[PDB]
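Coordinates from entry_17.pdb are shown below (PDB, C-alpha atoms (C1' of nucleotides)).
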ATOM      1  CA  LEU A 361       0.000   0.000   0.000  1.00  0.00           C
ATOM      2  CA  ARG A 362       1.408   3.359  -1.107  1.00  0.00           C
ATOM      3  CA  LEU A 363       0.360   7.003  -1.076  1.00  0.00           C
ATOM      4  CA  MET A 364       1.486   7.639  -4.629  1.00  0.00           C
ATOM      5  CA  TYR A 365       3.082  10.880  -3.486  1.00  0.00           C
ATOM      6  CA  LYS A 366       6.084  11.966  -1.452  1.00  0.00           C
ATOM      7  CA  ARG A 367       5.464  12.693   2.228  1.00  0.00           C
ATOM      8  CA  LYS A 368       6.980  15.496   4.263  1.00  0.00           C
ATOM      9  CA  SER A 369       9.775  14.512   6.648  1.00  0.00           C
ATOM     10  CA  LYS A 370      10.634  15.717  10.130  1.00  0.00           C
ATOM     11  CA  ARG A 371      13.113  18.508  10.836  1.00  0.00           C
ATOM     12  CA  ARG A 372      14.514  18.738  14.366  1.00  0.00           C
ATOM     13  CA  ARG A 373      16.291  21.894  15.477  1.00  0.00           C
ATOM     14  CA  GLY A 374      19.820  21.805  16.694  1.00  0.00           C
ATOM     15  CA  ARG A 375      20.922  18.825  14.684  1.00  0.00           C
ATOM     16  CA  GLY A 376      24.066  19.687  12.839  1.00  0.00           C
ATOM     17  CA  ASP A 377      25.047  22.882  11.101  1.00  0.00           C
ATOM     18  CA  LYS A 378      24.476  21.470   7.639  1.00  0.00           C
ATOM     19  CA  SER A 379      20.914  20.439   8.370  1.00  0.00           C
ATOM     20  CA  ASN A 380      17.929  22.129   6.725  1.00  0.00           C
ATOM     21  CA  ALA A 381      16.461  23.080  10.110  1.00  0.00           C
ATOM     22  CA  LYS A 382      15.391  26.562  11.141  1.00  0.00           C
ATOM     23  CA  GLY A 383      17.624  29.116  12.686  1.00  0.00           C
ATOM     24  CA  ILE A 384      19.332  28.465  15.979  1.00  0.00           C
ATOM     25  CA  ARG A 385      21.573  31.462  16.429  1.00  0.00           C
ATOM     26  CA  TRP A 386      18.999  34.191  16.079  1.00  0.00           C
ATOM     27  CA  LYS A 387      16.825  32.565  18.693  1.00  0.00           C
ATOM     28  CA  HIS A 388      19.659  32.767  21.198  1.00  0.00           C
ATOM     29  CA  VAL A 389      21.589  35.921  20.407  1.00  0.00           C
ATOM     30  CA  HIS A 390      19.160  38.439  18.978  1.00  0.00           C
ATOM     31  CA  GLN A 391      16.047  37.663  20.987  1.00  0.00           C
ATOM     32  CA  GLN A 392      14.401  38.404  24.313  1.00  0.00           C
ATOM     33  CA  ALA A 393      15.047  35.691  26.912  1.00  0.00           C
ATOM     34  CA  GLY A 394      11.918  35.949  28.975  1.00  0.00           C
ATOM     35  CA  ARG A 395       9.980  32.852  28.287  1.00  0.00           C
ATOM     36  CA  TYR A 396       7.331  35.024  26.595  1.00  0.00           C
ATOM     37  CA  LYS A 397       9.344  36.855  23.981  1.00  0.00           C
ATOM     38  CA  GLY A 398       7.481  39.921  25.083  1.00  0.00           C
ATOM     39  CA  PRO A 399       4.775  41.252  27.342  1.00  0.00           C
ATOM     40  CA  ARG A 400       2.174  38.679  28.424  1.00  0.00           C
ATOM     41  CA  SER A 401      -0.538  40.441  26.447  1.00  0.00           C
ATOM     42  CA  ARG A 402      -2.378  40.305  23.131  1.00  0.00           C
ATOM     43  CA  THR A 403      -2.604  43.962  22.104  1.00  0.00           C
ATOM     44  CA  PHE A 404       0.898  45.225  22.775  1.00  0.00           C
ATOM     45  CA  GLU A 405       2.323  47.844  20.421  1.00  0.00           C
ATOM     46  CA  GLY A 406       5.488  49.090  22.008  1.00  0.00           C
ATOM     47  CA  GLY A 407       4.525  51.613  24.525  1.00  0.00           C
ATOM     48  CA  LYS A 408       2.011  53.413  22.450  1.00  0.00           C
ATOM     49  CA  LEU A 409      -1.667  52.696  22.930  1.00  0.00           C
ATOM     50  CA  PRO A 410      -3.154  49.692  21.116  1.00  0.00           C
ATOM     51  CA  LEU A 411      -5.167  50.001  17.923  1.00  0.00           C
ATOM     52  CA  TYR A 412      -8.475  49.507  19.675  1.00  0.00           C
TER      53      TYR A 412
ATOM     54  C1'   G B   1      44.124  40.383  86.421  1.00  0.00           C
ATOM     55  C1'   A B   2      44.975  37.618  91.020  1.00  0.00           C
ATOM     56  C1'   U B   3      40.001  39.749  98.265  1.00  0.00           C
ATOM     57  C1'   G B   4      37.128  41.087  93.563  1.00  0.00           C
ATOM     58  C1'   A B   5      31.574  44.010  87.784  1.00  0.00           C
ATOM     59  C1'   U B   6      37.444  36.754  91.206  1.00  0.00           C
ATOM     60  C1'   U B   7      37.116  32.091  88.712  1.00  0.00           C
ATOM     61  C1'   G B   8      34.778  27.241  88.225  1.00  0.00           C
ATOM     62  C1'   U B   9      30.394  23.290  88.250  1.00  0.00           C
ATOM     63  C1'   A B  10      25.127  19.247  88.126  1.00  0.00           C
ATOM     64  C1'   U B  11      20.297  20.084  86.413  1.00  0.00           C
ATOM     65  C1'   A B  12      17.340  24.521  84.134  1.00  0.00           C
ATOM     66  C1'   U B  13      14.725  29.499  81.169  1.00  0.00           C
ATOM     67  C1'   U B  14      14.370  33.236  76.810  1.00  0.00           C
ATOM     68  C1'   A B  15      13.204  30.793  69.421  1.00  0.00           C
ATOM     69  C1'   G B  16      13.542  34.057  63.994  1.00  0.00           C
ATOM     70  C1'   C B  17       7.281  38.788  62.207  1.00  0.00           C
ATOM     71  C1'   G B  18      12.395  36.416  67.589  1.00  0.00           C
ATOM     72  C1'   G B  19      15.593  36.265  72.005  1.00  0.00           C
ATOM     73  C1'   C B  20      20.299  37.922  74.153  1.00  0.00           C
ATOM     74  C1'   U B  21      23.105  42.554  74.244  1.00  0.00           C
ATOM     75  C1'   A B  22      28.118  46.959  80.924  1.00  0.00           C
ATOM     76  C1'   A B  23      25.503  48.892  72.713  1.00  0.00           C
ATOM     77  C1'   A B  24      30.366  46.096  68.468  1.00  0.00           C
ATOM     78  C1'   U B  25      25.134  45.134  63.515  1.00  0.00           C
ATOM     79  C1'   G B  26      28.793  41.668  68.696  1.00  0.00           C
ATOM     80  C1'   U B  27      26.123  36.561  69.332  1.00  0.00           C
ATOM     81  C1'   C B  28      22.055  32.120  69.003  1.00  0.00           C
ATOM     82  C1'   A B  29      25.550  24.495  66.374  1.00  0.00           C
ATOM     83  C1'   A B  30      33.038  27.321  63.342  1.00  0.00           C
ATOM     84  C1'   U B  31      31.334  33.900  56.990  1.00  0.00           C
ATOM     85  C1'   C B  32      23.221  35.557  60.135  1.00  0.00           C
ATOM     86  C1'   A B  33      21.990  43.948  58.329  1.00  0.00           C
ATOM     87  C1'   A B  34      17.792  38.830  59.795  1.00  0.00           C
ATOM     88  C1'   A B  35      19.734  31.259  61.605  1.00  0.00           C
ATOM     89  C1'   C B  36      19.028  25.797  59.947  1.00  0.00           C
ATOM     90  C1'   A B  37      15.480  21.374  57.800  1.00  0.00           C
ATOM     91  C1'   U B  38      11.110  20.143  54.217  1.00  0.00           C
ATOM     92  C1'   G B  39       7.963  21.831  50.215  1.00  0.00           C
ATOM     93  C1'   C B  40       3.389  18.343  43.466  1.00  0.00           C
ATOM     94  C1'   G B  41       3.808  26.510  47.644  1.00  0.00           C
ATOM     95  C1'   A B  42       6.375  21.521  41.455  1.00  0.00           C
ATOM     96  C1'   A B  43      10.902  29.816  40.873  1.00  0.00           C
ATOM     97  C1'   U B  44      11.797  34.628  38.098  1.00  0.00           C
ATOM     98  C1'   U B  45      15.614  36.493  34.719  1.00  0.00           C
ATOM     99  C1'   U B  46      15.296  42.351  28.176  1.00  0.00           C
ATOM    100  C1'   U B  47      22.190  39.959  31.314  1.00  0.00           C
ATOM    101  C1'   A B  48      24.793  35.486  30.124  1.00  0.00           C
ATOM    102  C1'   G B  49      26.488  29.609  28.738  1.00  0.00           C
ATOM    103  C1'   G B  50      25.275  25.386  25.675  1.00  0.00           C
ATOM    104  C1'   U B  51      22.513  23.688  21.436  1.00  0.00           C
ATOM    105  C1'   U B  52      24.442  17.069  18.142  1.00  0.00           C
ATOM    106  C1'   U B  53      24.414  14.026  10.135  1.00  0.00           C
ATOM    107  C1'   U B  54      25.699  15.495   4.980  1.00  0.00           C
ATOM    108  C1'   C B  55      24.572  17.585  -0.018  1.00  0.00           C
ATOM    109  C1'   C B  56      22.283  21.222  -2.864  1.00  0.00           C
ATOM    110  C1'   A B  57      19.049  25.956  -4.463  1.00  0.00           C
ATOM    111  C1'   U B  58      18.355  31.104  -3.124  1.00  0.00           C
ATOM    112  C1'   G B  59      20.323  34.860  -0.388  1.00  0.00           C
ATOM    113  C1'   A B  60      20.476  40.356   4.326  1.00  0.00           C
ATOM    114  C1'   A B  61      20.853  44.614   7.554  1.00  0.00           C
ATOM    115  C1'   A B  62      23.562  47.908  11.126  1.00  0.00           C
ATOM    116  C1'   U B  63      18.075  52.429   7.657  1.00  0.00           C
ATOM    117  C1'   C B  64      12.926  55.223   9.270  1.00  0.00           C
ATOM    118  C1'   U B  65       8.326  56.713  12.865  1.00  0.00           C
ATOM    119  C1'   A B  66       7.000  55.801  17.690  1.00  0.00           C
ATOM    120  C1'   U B  67       8.684  54.104  22.905  1.00  0.00           C
ATOM    121  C1'   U B  68       9.949  61.166  28.538  1.00  0.00           C
ATOM    122  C1'   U B  69      15.439  56.808  23.444  1.00  0.00           C
ATOM    123  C1'   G B  70      18.642  54.381  25.847  1.00  0.00           C
ATOM    124  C1'   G B  71      23.006  50.351  24.109  1.00  0.00           C
ATOM    125  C1'   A B  72      26.048  45.284  23.627  1.00  0.00           C
ATOM    126  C1'   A B  73      20.150  45.815  16.965  1.00  0.00           C
ATOM    127  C1'   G B  74      14.974  44.909  23.315  1.00  0.00           C
ATOM    128  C1'   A B  75       9.575  44.855  21.913  1.00  0.00           C
ATOM    129  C1'   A B  76       5.646  46.712  17.594  1.00  0.00           C
ATOM    130  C1'   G B  77       5.175  48.687  12.448  1.00  0.00           C
ATOM    131  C1'   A B  78       7.265  49.867   7.733  1.00  0.00           C
ATOM    132  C1'   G B  79      11.525  49.026   4.057  1.00  0.00           C
ATOM    133  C1'   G B  80      14.650  45.048   1.663  1.00  0.00           C
ATOM    134  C1'   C B  81      13.539  38.733  -2.102  1.00  0.00           C
ATOM    135  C1'   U B  82      12.458  34.547  -7.547  1.00  0.00           C
ATOM    136  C1'   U B  83      11.733  40.671 -12.220  1.00  0.00           C
ATOM    137  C1'   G B  84      13.829  39.467 -16.427  1.00  0.00           C
ATOM    138  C1'   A B  85      15.958  37.261 -19.889  1.00  0.00           C
ATOM    139  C1'   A B  86      21.050  36.470 -22.954  1.00  0.00           C
ATOM    140  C1'   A B  87      20.974  31.144 -28.667  1.00  0.00           C
ATOM    141  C1'   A B  88      19.677  32.659 -36.110  1.00  0.00           C
ATOM    142  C1'   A B  89      21.201  31.584 -42.820  1.00  0.00           C
ATOM    143  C1'   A B  90      19.959  35.276 -48.781  1.00  0.00           C
TER     144        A B  90
END

Conversion result in structure tokens:
Amino acid sequence: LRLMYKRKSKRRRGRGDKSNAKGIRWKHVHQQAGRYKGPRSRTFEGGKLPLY
RNA sequence: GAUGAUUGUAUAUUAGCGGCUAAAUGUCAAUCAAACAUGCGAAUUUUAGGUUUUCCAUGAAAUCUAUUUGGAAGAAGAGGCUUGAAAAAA
């Protein structure tokens, strides 16, 4: 039994430099280390009042 | 120092939001401006460490407004990418 079409494979982060995984460096260096990546809100705009 | 706020001893009291203190932040189980043990009360970090196999295609920025604007690019928006082409004899 076959699908007759190629199936997407898995891509685990932090598995070799040569891998086709997503970025690893940006996530660590140039990013907020707060476990939220920002204020724990839904309407945040950077100080200024929200749109609403 | 040694006739005196002398020394020494069995068993006892004061418990951390505290007690002791002839008053030093000195001491309470040999780094106490607030002791030690346990915790399904399962700890937070704009700083900072680490992040594991190959090959190929494509391919950045250090610019702007705002944040009483910062500095070792924090967050949000905008800007920046695959559009084209480039094959010829009276």

Segment 35-46 of chain B, all listed atoms, 8 Å padding on each side: what axis-aligned box centre and edge lengths in Å to one decimal come out, as lines of an AutoDock Vina configuration file?
center_x = 11.6
center_y = 30.3
center_z = 44.9
size_x = 32.3
size_y = 40.0
size_z = 49.4

Shell around segment 4-18 of chain B at 9 Å using only C-alpha atoms (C1' of nucleotides), local window under 4 positions removed, as an MDAnalysis selection string: chainID B and resid 22 28 34:35

Gap from atom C1' of residue 75 of chain B to atom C1' of residue 43 of chain B - Å, one decimal: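 Separation of atom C1' of residue 75 of chain B and atom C1' of residue 43 of chain B: 24.2 Å.
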
For segment 44-46 of chain B: contacts at 7 Å, all atoms listed in the file, fewer than 6 positions along chain excluded, given as a VMD selection string: (chain A and resid 392 to 394) or (chain B and resid 74)

Mind writing the picked residues with C-alpha atoms (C1' of nucleotides) as a PDB file, keeping the file's coordinate frame?
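Contents of the output file result_0.pdb:
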ATOM      1  CA  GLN A 392      14.401  38.404  24.313  1.00  0.00           C
ATOM      2  CA  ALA A 393      15.047  35.691  26.912  1.00  0.00           C
ATOM      3  CA  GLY A 394      11.918  35.949  28.975  1.00  0.00           C
TER       4      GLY A 394
ATOM      5  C1'   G B  74      14.974  44.909  23.315  1.00  0.00           C
TER       6        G B  74
END

Counting all atoms listed in the file, the option among A:410, A:366, A:374, A:381 closest to chain B: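 Among the listed residues, the smallest separation from chain B belongs to A:374.
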
Chain B residues within 12 Å of chain A, counting all atoms listed in the file: which ones, as a PDB file with C-alpha atoms (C1' of nucleotides), in the frame of the given file?
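Written output follows (part-v1.pdb):
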ATOM      1  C1'   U B  44      11.797  34.628  38.098  1.00  0.00           C
ATOM      2  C1'   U B  45      15.614  36.493  34.719  1.00  0.00           C
ATOM      3  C1'   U B  46      15.296  42.351  28.176  1.00  0.00           C
ATOM      4  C1'   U B  47      22.190  39.959  31.314  1.00  0.00           C
ATOM      5  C1'   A B  48      24.793  35.486  30.124  1.00  0.00           C
ATOM      6  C1'   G B  49      26.488  29.609  28.738  1.00  0.00           C
ATOM      7  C1'   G B  50      25.275  25.386  25.675  1.00  0.00           C
ATOM      8  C1'   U B  51      22.513  23.688  21.436  1.00  0.00           C
ATOM      9  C1'   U B  52      24.442  17.069  18.142  1.00  0.00           C
ATOM     10  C1'   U B  53      24.414  14.026  10.135  1.00  0.00           C
ATOM     11  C1'   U B  54      25.699  15.495   4.980  1.00  0.00           C
ATOM     12  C1'   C B  55      24.572  17.585  -0.018  1.00  0.00           C
ATOM     13  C1'   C B  56      22.283  21.222  -2.864  1.00  0.00           C
ATOM     14  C1'   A B  57      19.049  25.956  -4.463  1.00  0.00           C
ATOM     15  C1'   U B  65       8.326  56.713  12.865  1.00  0.00           C
ATOM     16  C1'   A B  66       7.000  55.801  17.690  1.00  0.00           C
ATOM     17  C1'   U B  67       8.684  54.104  22.905  1.00  0.00           C
ATOM     18  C1'   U B  68       9.949  61.166  28.538  1.00  0.00           C
ATOM     19  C1'   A B  72      26.048  45.284  23.627  1.00  0.00           C
ATOM     20  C1'   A B  73      20.150  45.815  16.965  1.00  0.00           C
ATOM     21  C1'   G B  74      14.974  44.909  23.315  1.00  0.00           C
ATOM     22  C1'   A B  75       9.575  44.855  21.913  1.00  0.00           C
ATOM     23  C1'   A B  76       5.646  46.712  17.594  1.00  0.00           C
ATOM     24  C1'   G B  77       5.175  48.687  12.448  1.00  0.00           C
TER      25        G B  77
END

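Atom pair atom CA of residue 387 of chain A / atom CA of residue 372 of chain A has a distance of 14.7 Å (rounded to one decimal).
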
Separation of atom CA of residue 396 of chain A from atom CA of residue 382 of chain A in Å: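 Calculated distance between atom CA of residue 382 of chain A and atom CA of residue 396 of chain A is 19.4 Å.
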
Could you give me segment 368-381 of chain A completed to N, CA and C atoms, formatted as a PDB file, in the frame of the given file?
ATOM      1  N   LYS A 368       6.157  14.613   3.538  1.00  0.00           N
ATOM      2  CA  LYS A 368       6.980  15.496   4.263  1.00  0.00           C
ATOM      3  C   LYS A 368       7.701  14.787   5.380  1.00  0.00           C
ATOM      4  N   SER A 369       8.973  15.111   5.592  1.00  0.00           N
ATOM      5  CA  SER A 369       9.775  14.512   6.648  1.00  0.00           C
ATOM      6  C   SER A 369       9.945  15.489   7.807  1.00  0.00           C
ATOM      7  N   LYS A 370      10.363  15.023   8.935  1.00  0.00           N
ATOM      8  CA  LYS A 370      10.634  15.717  10.130  1.00  0.00           C
ATOM      9  C   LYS A 370      11.895  16.537  10.035  1.00  0.00           C
ATOM     10  N   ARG A 371      12.025  17.602  10.758  1.00  0.00           N
ATOM     11  CA  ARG A 371      13.113  18.508  10.836  1.00  0.00           C
ATOM     12  C   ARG A 371      13.325  19.004  12.245  1.00  0.00           C
ATOM     13  N   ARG A 372      14.174  18.433  13.031  1.00  0.00           N
ATOM     14  CA  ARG A 372      14.514  18.738  14.366  1.00  0.00           C
ATOM     15  C   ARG A 372      15.567  19.808  14.456  1.00  0.00           C
ATOM     16  N   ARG A 373      15.405  20.828  15.228  1.00  0.00           N
ATOM     17  CA  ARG A 373      16.291  21.894  15.477  1.00  0.00           C
ATOM     18  C   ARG A 373      17.522  21.442  16.221  1.00  0.00           C
ATOM     19  N   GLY A 374      18.627  22.091  16.077  1.00  0.00           N
ATOM     20  CA  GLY A 374      19.820  21.805  16.694  1.00  0.00           C
ATOM     21  C   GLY A 374      20.418  20.483  16.450  1.00  0.00           C
ATOM     22  N   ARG A 375      20.427  20.044  15.226  1.00  0.00           N
ATOM     23  CA  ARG A 375      20.922  18.825  14.684  1.00  0.00           C
ATOM     24  C   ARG A 375      21.875  19.088  13.541  1.00  0.00           C
ATOM     25  N   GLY A 376      23.112  19.367  13.775  1.00  0.00           N
ATOM     26  CA  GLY A 376      24.066  19.687  12.839  1.00  0.00           C
ATOM     27  C   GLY A 376      23.953  20.994  12.174  1.00  0.00           C
ATOM     28  N   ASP A 377      24.996  21.646  11.778  1.00  0.00           N
ATOM     29  CA  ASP A 377      25.047  22.882  11.101  1.00  0.00           C
ATOM     30  C   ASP A 377      24.563  22.817   9.678  1.00  0.00           C
ATOM     31  N   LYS A 378      24.798  21.753   8.985  1.00  0.00           N
ATOM     32  CA  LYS A 378      24.476  21.470   7.639  1.00  0.00           C
ATOM     33  C   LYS A 378      23.038  21.089   7.401  1.00  0.00           C
ATOM     34  N   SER A 379      22.269  20.818   8.400  1.00  0.00           N
ATOM     35  CA  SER A 379      20.914  20.439   8.370  1.00  0.00           C
ATOM     36  C   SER A 379      20.040  21.540   7.819  1.00  0.00           C
ATOM     37  N   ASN A 380      18.879  21.174   7.279  1.00  0.00           N
ATOM     38  CA  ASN A 380      17.929  22.129   6.725  1.00  0.00           C
ATOM     39  C   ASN A 380      16.933  22.634   7.762  1.00  0.00           C
ATOM     40  N   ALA A 381      17.222  22.615   9.019  1.00  0.00           N
ATOM     41  CA  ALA A 381      16.461  23.080  10.110  1.00  0.00           C
ATOM     42  C   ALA A 381      16.385  24.588  10.126  1.00  0.00           C
TER      43      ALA A 381
END
